[PDB]
Amino acid sequence: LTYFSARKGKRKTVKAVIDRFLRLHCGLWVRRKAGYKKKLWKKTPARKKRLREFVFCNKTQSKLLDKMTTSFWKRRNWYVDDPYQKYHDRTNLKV
Amino acid sequence: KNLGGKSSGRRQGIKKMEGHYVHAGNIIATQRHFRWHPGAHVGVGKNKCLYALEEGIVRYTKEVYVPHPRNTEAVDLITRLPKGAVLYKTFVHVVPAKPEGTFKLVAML
Amino acid sequence: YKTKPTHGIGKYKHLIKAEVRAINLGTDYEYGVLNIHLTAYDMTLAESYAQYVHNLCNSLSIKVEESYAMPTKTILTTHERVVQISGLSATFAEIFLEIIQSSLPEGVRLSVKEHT
Amino acid sequence: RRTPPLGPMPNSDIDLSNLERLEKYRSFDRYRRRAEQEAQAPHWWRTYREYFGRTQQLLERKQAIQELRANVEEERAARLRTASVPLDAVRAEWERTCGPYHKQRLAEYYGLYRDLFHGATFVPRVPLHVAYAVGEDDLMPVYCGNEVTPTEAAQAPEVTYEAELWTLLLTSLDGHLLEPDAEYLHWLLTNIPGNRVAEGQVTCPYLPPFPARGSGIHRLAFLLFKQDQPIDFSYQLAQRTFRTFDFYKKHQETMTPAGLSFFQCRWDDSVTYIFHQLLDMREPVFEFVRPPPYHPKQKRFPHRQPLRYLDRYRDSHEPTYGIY
Amino acid sequence: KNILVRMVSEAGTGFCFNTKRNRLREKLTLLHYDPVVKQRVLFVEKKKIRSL
Amino acid sequence: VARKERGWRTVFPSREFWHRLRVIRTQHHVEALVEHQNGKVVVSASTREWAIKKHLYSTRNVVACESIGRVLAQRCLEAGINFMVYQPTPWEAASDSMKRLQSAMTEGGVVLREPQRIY
RNA sequence: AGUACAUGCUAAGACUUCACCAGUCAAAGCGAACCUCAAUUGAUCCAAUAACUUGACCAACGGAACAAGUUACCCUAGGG
RNA sequence: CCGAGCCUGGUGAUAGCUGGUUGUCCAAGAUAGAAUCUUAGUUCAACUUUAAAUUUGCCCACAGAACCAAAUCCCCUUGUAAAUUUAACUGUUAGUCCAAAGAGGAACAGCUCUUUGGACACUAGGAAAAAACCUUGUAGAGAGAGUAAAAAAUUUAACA
Ligand SMILES: [Mg+2]
Ligand SMILES: [Mg+2]
Ligand SMILES: [Mg+2]
Ligand SMILES: [Mg+2]
Ligand SMILES: [Mg+2]
Ligand SMILES: [Mg+2]
Ligand SMILES: [Mg+2]
Ligand SMILES: [Mg+2]
Ligand SMILES: [Mg+2]
Ligand SMILES: [Mg+2]
Ligand SMILES: [Mg+2]
């Protein structure tokens, strides 16, 4: 990514991450699984059940995505009818 | 002229060994051929992986082998045995520790 | 397991064989593989005598290899059956042969010829 | 590293050089049979059981068997598989001779001896029978092992047994509310003259059983003692509680049990009546509450887990907003 | 030798699922389960997807 | 509610039951047992018992099997065991006398199918 | 490759090729009857399609969307 | 200075390559591997550093771990003080030799390739000189003391 842009001197988000992932405000990143629409004629229904899921990322993976987007995407978004709205907080943690 | 054979290990074996306290659904042992046979509250998947079905303690015993008669290979191998010979094979059981649930007071009418 | 006291409680290939002249060395004298041609004019009598000689063979611990037959001949048709027999002692040879001699129903001839 | 075994090696005595001279498994059934007798036998390794565990009568029977098999009609009905057997005579002759053996089997299945007498088994010799009169038309038979609704058991039983004093206990070994060890009596008729019930000395009056709602089934044992010498004894639930073990121990010098019959009760409306009308009690309602399902410690970053992981650990399913 | 074909609903319109079928044998008419009607529905083969 | 030994999948018989009827047809006497999972015999029906033996012509035929079927179905009626999981081997299931035993079980009032556990 | 079209929908808990991506087993529930083999394989973007789906011997098989021989004229930064 | 002039500008072009990176003290601190137009390189990982929350970490004993030798896994007591998790980053990974279990090569190589255990890259005494062999480790001064390891032994053939 670009740490200092040539016009403003600001950090730039890579737009692949924005167009492919979802940020929860608790700090978790939601993604699809690779190849949920490719070659499912040869795929058993357990495998296409597993591939059709909203899957989280590892700690290092989530930090690598956090370093590749900026402070706009890290923010509390109070939408009207977001399906993922209930998942923005992490409850009953004992770490 | 020996091409191929660079496959890595399967990492199979015993996952939750005798004495380990095991809950429901945990894989006890993954095997390539039938090394073990299921016992009490123990299920088998399609790839011959062997899982616990109730919460408890995994124990290993060795018991009689009297298979299902539609499995003609083992039954025909039985009819190659002499009179005193009976196959013994290893079995996995889970002794259930936690009870079914408890009768408790709910409403006092 | 290899190190437990119960090692090899489930081995079975030592109990299974996963696989011809006479054996007369010095004291244990043994026949080879036999061929008993039960030839008769009737399928019924020859088949029944083959069944009965087979039932006396399996009840007296005699190894029976094959119970086949060769094709008949045009003449009246002559049927026959072959019962291969191995496992005898000299006293048992006398007794089994005289039982076969004394068990002939009607006009059926015998043979105890060797292989080939 | 091979170590010698502890006990005898199985499948070792038959290990000969000539297995063909030994007689052979022709069938599939002999093998499972033999495996069953050895599986019932104990071994020196770890097994499943360790963790989850005169002449005149014979002559008369032979004569009766010869006379019955000599009938042409019986053989003709047997070869055509049309013959039938009257169940009443067989049931009666079972009740005389070998009924008590099946009765100890059924009582030891129900845990009656291990808690009623703390493992002290006996032989209930007497072919006991009880019946609860339903309507004016029928009567429900209390033998051992059945189920009776407390509507049927609202009234005092009629007890029939062919014998010659006697004592009569009704025990609810599992109906206790406070103690997990005691039991509640319901009726106890001592000094029975012969086989008539009405002339006996009642100690505690008859009360219908109370299996509370959701408390499962309750077992009720009719315990019938022989009596040699007449012995004097003695709706509050604190007065209805005692243990049968020490109660039998206090009198066991001339006191031998000879009859058992146990049956089951479930919740119904007569149980509401038995708490409400003459006990003056609010009904305690029980439910079989399962333990909470397992979930592991909630990780910071649920790698490869689905989105539902944020609903495994959530207790209230409504949108919370925090400070806003 | 085999062709991956698409297997198209008679009822539960807009629902299709694919199978494998021989190059030489006859045209598939099958009883699958449609979750729109949530019943066993006869399906008819319309278009082949790819001959493998 | 109570657990069944749901495993023992590879081996015959399956132990996922509460009460098992096992019939051994010996050379002379045919017997049927009803058991718990503990291996303990709950209900016995034998032709080694004079009350049913004296009413039978031969202790082994279809007739003796039907008689002991009626007897054990009655016995389970007074014993309170109302539900079954019965596993015959496929060659014995095609036999006439034990399918008459199954018919006797059905007419007696003991269902040859235990209800599923509630989880 | 073969059989079958519940090779349906969901859903506790686990294994895992030493990471990741990938894969695997699955209690219970809804809805119903009453899979074998060991490898038998390919990610993203892009295209075809209203949709469900599909597309490489991308075999250099974690694949860049498409690019050969020769230099005793060779040159440059290094190593033996 | 022509296998393609020279000068200026783009241009501080580019290079995974070479070399260099400057005061003190203390403390912690060394060798799995998977990918990769990839083996001079990089990412993940293993190890390592700091801070924080919490409780078990290591050694382990009976029992236990499949059919076609050393051993290893699991593991209460005991000795011990460490471990897991969270927050945040850097840096190393053709290692070399010896003992042992193996393979290739000549059952040569200071030759190459796996596994277990040491040692060297961290102090010292000894074996002649000595990265790897034996003894020995946590730091200073003494013109005190007890020790460890520590020196190669061999010299022969008459015959009735
Ligand atoms: Mg290999
Ligand atoms: Mg490898
Ligand atoms: Mg892995
Ligand atoms: Mg299921
Ligand atoms: Mg490549
Ligand atoms: Mg490659
Ligand atoms: Mg530069
Ligand atoms: Mg230091
Ligand atoms: Mg390089
Ligand atoms: Mg431990
Ligand atoms: Mg010191």
# chains A, B, ... in the order shown; residues from 1 in each chain; ligands from 1
>>> interface_residues(of="chain C", to="chain B", cutoff="9 Å", atoms="only C-alpha atoms", output="PyMOL selection string")
chain C and resi 9-12+15-17
>>> write_last_selection(atoms="N, CA and C atoms", output="CSV table (one decimal), in the first residue's frame")
chain,number,residue,atom,x,y,z
C,9,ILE,N,-3.0,-60.4,20.3
C,9,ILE,CA,-4.3,-61.1,20.7
C,9,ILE,C,-5.2,-61.3,19.5
C,10,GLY,N,-5.0,-60.5,18.4
C,10,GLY,CA,-5.9,-60.6,17.3
C,10,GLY,C,-5.3,-61.1,16.0
C,11,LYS,N,-4.1,-61.7,16.0
C,11,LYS,CA,-3.5,-62.2,14.8
C,11,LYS,C,-4.2,-63.5,14.4
C,12,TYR,N,-4.4,-63.6,13.1
C,12,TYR,CA,-5.1,-64.7,12.5
C,12,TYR,C,-4.5,-65.4,11.3
C,15,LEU,N,-3.2,-68.8,11.6
C,15,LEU,CA,-4.2,-69.9,11.7
C,15,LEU,C,-4.8,-70.2,10.3
C,16,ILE,N,-4.4,-69.5,9.3
C,16,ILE,CA,-5.0,-69.6,7.9
C,16,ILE,C,-3.8,-69.9,7.0
C,17,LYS,N,-4.0,-70.9,6.1
C,17,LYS,CA,-3.1,-71.2,5.1
C,17,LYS,C,-3.5,-70.4,3.8
>>> residues_near_ligand(ligand="ligand 3", cutoff="7 Å", atoms="only C-alpha atoms (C1' of nucleotides) and all ligand atoms", output="PDB file with N, CA, C and O atoms (P, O5', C5', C4', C3', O3' and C1' of nucleotides), in the first residue's frame")
ATOM      1  P     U G  16      -4.610 -33.133  14.304  1.00  0.00           P
ATOM      2  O5'   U G  16      -4.476 -32.794  12.754  1.00  0.00           O
ATOM      3  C5'   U G  16      -4.204 -33.805  11.793  1.00  0.00           C
ATOM      4  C4'   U G  16      -4.467 -33.303  10.397  1.00  0.00           C
ATOM      5  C3'   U G  16      -3.694 -32.058   9.995  1.00  0.00           C
ATOM      6  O3'   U G  16      -2.370 -32.325   9.569  1.00  0.00           O
ATOM      7  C1'   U G  16      -5.973 -31.765   9.460  1.00  0.00           C
ATOM      8  P     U G  17      -1.163 -31.405  10.098  1.00  0.00           P
ATOM      9  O5'   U G  17      -0.028 -31.587   8.998  1.00  0.00           O
ATOM     10  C5'   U G  17      -0.047 -30.810   7.807  1.00  0.00           C
ATOM     11  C4'   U G  17       0.760 -31.451   6.706  1.00  0.00           C
ATOM     12  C3'   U G  17       0.679 -30.747   5.355  1.00  0.00           C
ATOM     13  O3'   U G  17       1.900 -30.963   4.649  1.00  0.00           O
ATOM     14  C1'   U G  17      -0.169 -32.931   5.145  1.00  0.00           C
ATOM     15  P     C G  18       2.990 -29.791   4.515  1.00  0.00           P
ATOM     16  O5'   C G  18       3.833 -29.886   5.864  1.00  0.00           O
ATOM     17  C5'   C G  18       3.948 -28.764   6.734  1.00  0.00           C
ATOM     18  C4'   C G  18       3.194 -28.975   8.025  1.00  0.00           C
ATOM     19  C3'   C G  18       3.054 -27.738   8.911  1.00  0.00           C
ATOM     20  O3'   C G  18       1.804 -27.792   9.598  1.00  0.00           O
ATOM     21  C1'   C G  18       4.192 -29.432  10.096  1.00  0.00           C
TER      22        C G  18
END
>>> atom_distance(atom1="CA of residue 178 (chain D)", atom2="CA of residue 238 (chain D)")
9.7 Å
>>> residues_near_ligand(ligand="ligand 4", cutoff="10 Å", atoms="only C-alpha atoms (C1' of nucleotides) and all ligand atoms", output="JSON, numbers by chain")
{"G": [11, 26, 27, 28, 29]}
>>> atom_distance(atom1="CA of residue 275 (chain D)", atom2="CA of residue 198 (chain D)")
26.8 Å
>>> closest_atom_pairs(of="chain H", to="ligand 9", cutoff="6 Å", atoms="only C-alpha atoms (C1' of nucleotides) and all ligand atoms", output="tab-separated table")
residue	atom	partner	partner_atom_place_in_ligand_line	distance
H:16	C1'	ligand 9	1 (Mg)	4.8
H:40	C1'	ligand 9	1 (Mg)	4.7
H:41	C1'	ligand 9	1 (Mg)	4.3
>>> residues_near_ligand(ligand="ligand 8", cutoff="10 Å", atoms="only C-alpha atoms (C1' of nucleotides) and all ligand atoms", output="ChimeraX atom specification")
/H:26-29,138
>>> write_last_selection(atoms="N, CA, C and O atoms (P, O5', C5', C4', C3', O3' and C1' of nucleotides)", output="PDB file, in the first residue's frame")
ATOM      1  P     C H  26      28.259  -5.107  31.297  1.00  0.00           P
ATOM      2  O5'   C H  26      26.835  -5.520  31.868  1.00  0.00           O
ATOM      3  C5'   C H  26      26.553  -5.343  33.243  1.00  0.00           C
ATOM      4  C4'   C H  26      25.075  -5.229  33.519  1.00  0.00           C
ATOM      5  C3'   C H  26      24.194  -6.361  33.029  1.00  0.00           C
ATOM      6  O3'   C H  26      24.244  -7.491  33.881  1.00  0.00           O
ATOM      7  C1'   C H  26      23.174  -4.286  32.530  1.00  0.00           C
ATOM      8  P     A H  27      24.090  -8.967  33.277  1.00  0.00           P
ATOM      9  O5'   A H  27      22.562  -9.036  32.842  1.00  0.00           O
ATOM     10  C5'   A H  27      21.528  -8.977  33.814  1.00  0.00           C
ATOM     11  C4'   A H  27      20.172  -8.935  33.162  1.00  0.00           C
ATOM     12  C3'   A H  27      19.920  -9.992  32.103  1.00  0.00           C
ATOM     13  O3'   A H  27      19.598 -11.261  32.639  1.00  0.00           O
ATOM     14  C1'   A H  27      19.243  -7.901  31.273  1.00  0.00           C
ATOM     15  P     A H  28      20.160 -12.588  31.935  1.00  0.00           P
ATOM     16  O5'   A H  28      19.057 -12.924  30.837  1.00  0.00           O
ATOM     17  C5'   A H  28      17.677 -12.897  31.166  1.00  0.00           C
ATOM     18  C4'   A H  28      16.807 -12.733  29.942  1.00  0.00           C
ATOM     19  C3'   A H  28      17.148 -13.596  28.742  1.00  0.00           C
ATOM     20  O3'   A H  28      16.742 -14.944  28.868  1.00  0.00           O
ATOM     21  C1'   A H  28      16.734 -11.403  28.015  1.00  0.00           C
ATOM     22  P     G H  29      17.751 -16.113  28.432  1.00  0.00           P
ATOM     23  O5'   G H  29      18.022 -15.838  26.886  1.00  0.00           O
ATOM     24  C5'   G H  29      17.089 -16.240  25.893  1.00  0.00           C
ATOM     25  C4'   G H  29      17.425 -15.640  24.552  1.00  0.00           C
ATOM     26  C3'   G H  29      18.598 -16.263  23.808  1.00  0.00           C
ATOM     27  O3'   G H  29      18.235 -17.426  23.079  1.00  0.00           O
ATOM     28  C1'   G H  29      18.805 -13.901  23.797  1.00  0.00           C
ATOM     29  P     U H 138      30.582 -21.076  36.897  1.00  0.00           P
ATOM     30  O5'   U H 138      31.054 -19.650  36.365  1.00  0.00           O
ATOM     31  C5'   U H 138      30.296 -18.946  35.387  1.00  0.00           C
ATOM     32  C4'   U H 138      29.687 -17.686  35.950  1.00  0.00           C
ATOM     33  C3'   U H 138      28.845 -17.879  37.204  1.00  0.00           C
ATOM     34  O3'   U H 138      28.878 -16.683  37.982  1.00  0.00           O
ATOM     35  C1'   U H 138      27.470 -17.093  35.459  1.00  0.00           C
TER      36        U H 138
END
>>> residues_near_ligand(ligand="ligand 1", cutoff="10 Å", atoms="only C-alpha atoms (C1' of nucleotides) and all ligand atoms", output="ChimeraX atom specification")
/B:4-9
>>> write_last_selection(atoms="N, CA and C atoms", output="PDB file, in the first residue's frame")
ATOM      1  N   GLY B   4       7.671 -39.773  -8.704  1.00  0.00           N
ATOM      2  CA  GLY B   4       6.589 -39.698  -7.747  1.00  0.00           C
ATOM      3  C   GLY B   4       6.987 -40.179  -6.367  1.00  0.00           C
ATOM      4  N   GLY B   5       5.973 -40.300  -5.514  1.00  0.00           N
ATOM      5  CA  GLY B   5       6.179 -40.736  -4.150  1.00  0.00           C
ATOM      6  C   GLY B   5       6.570 -39.652  -3.171  1.00  0.00           C
ATOM      7  N   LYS B   6       6.419 -38.377  -3.534  1.00  0.00           N
ATOM      8  CA  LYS B   6       6.750 -37.268  -2.650  1.00  0.00           C
ATOM      9  C   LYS B   6       5.580 -36.846  -1.769  1.00  0.00           C
ATOM     10  N   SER B   7       4.612 -37.732  -1.548  1.00  0.00           N
ATOM     11  CA  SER B   7       3.486 -37.410  -0.685  1.00  0.00           C
ATOM     12  C   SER B   7       3.928 -37.315   0.771  1.00  0.00           C
ATOM     13  N   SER B   8       3.355 -36.349   1.483  1.00  0.00           N
ATOM     14  CA  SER B   8       3.680 -36.131   2.884  1.00  0.00           C
ATOM     15  C   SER B   8       2.891 -37.098   3.765  1.00  0.00           C
ATOM     16  N   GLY B   9       3.114 -37.004   5.073  1.00  0.00           N
ATOM     17  CA  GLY B   9       2.445 -37.895   6.009  1.00  0.00           C
ATOM     18  C   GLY B   9       0.972 -37.552   6.162  1.00  0.00           C
TER      19      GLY B   9
END
>>> decode(residues="region 85-105 of chain C", atoms="N, CA and C atoms", output="mmCIF file, in the first residue's frame")
data_model
loop_
_atom_site.group_PDB
_atom_site.id
_atom_site.type_symbol
_atom_site.label_atom_id
_atom_site.label_comp_id
_atom_site.auth_asym_id
_atom_site.auth_seq_id
_atom_site.Cartn_x
_atom_site.Cartn_y
_atom_site.Cartn_z
ATOM 1 N N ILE C 85 -9.704 -88.442 -3.105
ATOM 2 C CA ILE C 85 -9.593 -88.796 -1.695
ATOM 3 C C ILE C 85 -8.123 -88.802 -1.303
ATOM 4 N N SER C 86 -7.810 -88.082 -0.228
ATOM 5 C CA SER C 86 -6.481 -88.098 0.370
ATOM 6 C C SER C 86 -6.646 -88.136 1.880
ATOM 7 N N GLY C 87 -5.795 -88.912 2.542
ATOM 8 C CA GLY C 87 -5.836 -89.083 3.981
ATOM 9 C C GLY C 87 -6.323 -90.458 4.391
ATOM 10 N N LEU C 88 -5.381 -91.371 4.632
ATOM 11 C CA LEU C 88 -5.667 -92.746 5.022
ATOM 12 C C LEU C 88 -4.483 -93.296 5.811
ATOM 13 N N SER C 89 -4.747 -94.328 6.606
ATOM 14 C CA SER C 89 -3.717 -95.195 7.163
ATOM 15 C C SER C 89 -3.972 -96.605 6.641
ATOM 16 N N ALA C 90 -3.006 -97.507 6.846
ATOM 17 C CA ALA C 90 -3.098 -98.850 6.269
ATOM 18 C C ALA C 90 -4.297 -99.618 6.820
ATOM 19 N N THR C 91 -4.488 -99.573 8.142
ATOM 20 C CA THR C 91 -5.706 -100.115 8.734
ATOM 21 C C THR C 91 -6.930 -99.367 8.229
ATOM 22 N N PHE C 92 -6.849 -98.035 8.185
ATOM 23 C CA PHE C 92 -7.921 -97.228 7.622
ATOM 24 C C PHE C 92 -8.123 -97.487 6.137
ATOM 25 N N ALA C 93 -7.058 -97.804 5.394
ATOM 26 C CA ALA C 93 -7.218 -98.184 3.993
ATOM 27 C C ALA C 93 -8.025 -99.468 3.865
ATOM 28 N N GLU C 94 -7.692 -100.483 4.677
ATOM 29 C CA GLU C 94 -8.450 -101.735 4.662
ATOM 30 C C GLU C 94 -9.915 -101.503 5.017
ATOM 31 N N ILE C 95 -10.161 -100.737 6.080
ATOM 32 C CA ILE C 95 -11.521 -100.494 6.559
ATOM 33 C C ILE C 95 -12.341 -99.657 5.579
ATOM 34 N N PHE C 96 -11.771 -98.574 5.047
ATOM 35 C CA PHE C 96 -12.477 -97.719 4.099
ATOM 36 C C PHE C 96 -12.742 -98.445 2.783
ATOM 37 N N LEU C 97 -11.759 -99.215 2.292
ATOM 38 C CA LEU C 97 -11.964 -100.022 1.097
ATOM 39 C C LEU C 97 -13.029 -101.092 1.293
ATOM 40 N N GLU C 98 -13.042 -101.786 2.437
ATOM 41 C CA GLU C 98 -14.059 -102.815 2.633
ATOM 42 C C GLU C 98 -15.445 -102.223 2.874
ATOM 43 N N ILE C 99 -15.536 -101.020 3.448
ATOM 44 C CA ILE C 99 -16.824 -100.336 3.537
ATOM 45 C C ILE C 99 -17.343 -99.977 2.146
ATOM 46 N N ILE C 100 -16.460 -99.470 1.275
ATOM 47 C CA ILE C 100 -16.857 -99.173 -0.103
ATOM 48 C C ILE C 100 -17.273 -100.451 -0.832
ATOM 49 N N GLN C 101 -16.552 -101.550 -0.590
ATOM 50 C CA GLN C 101 -16.888 -102.833 -1.204
ATOM 51 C C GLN C 101 -18.256 -103.327 -0.749
ATOM 52 N N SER C 102 -18.561 -103.169 0.538
ATOM 53 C CA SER C 102 -19.802 -103.665 1.113
ATOM 54 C C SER C 102 -20.964 -102.690 0.950
ATOM 55 N N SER C 103 -20.720 -101.503 0.388
ATOM 56 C CA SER C 103 -21.777 -100.513 0.226
ATOM 57 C C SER C 103 -22.298 -100.396 -1.205
ATOM 58 N N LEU C 104 -21.914 -101.296 -2.107
ATOM 59 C CA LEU C 104 -22.295 -101.150 -3.513
ATOM 60 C C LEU C 104 -23.762 -101.515 -3.718
ATOM 61 N N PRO C 105 -24.604 -100.576 -4.179
ATOM 62 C CA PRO C 105 -26.039 -100.870 -4.328
ATOM 63 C C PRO C 105 -26.394 -101.891 -5.404
#
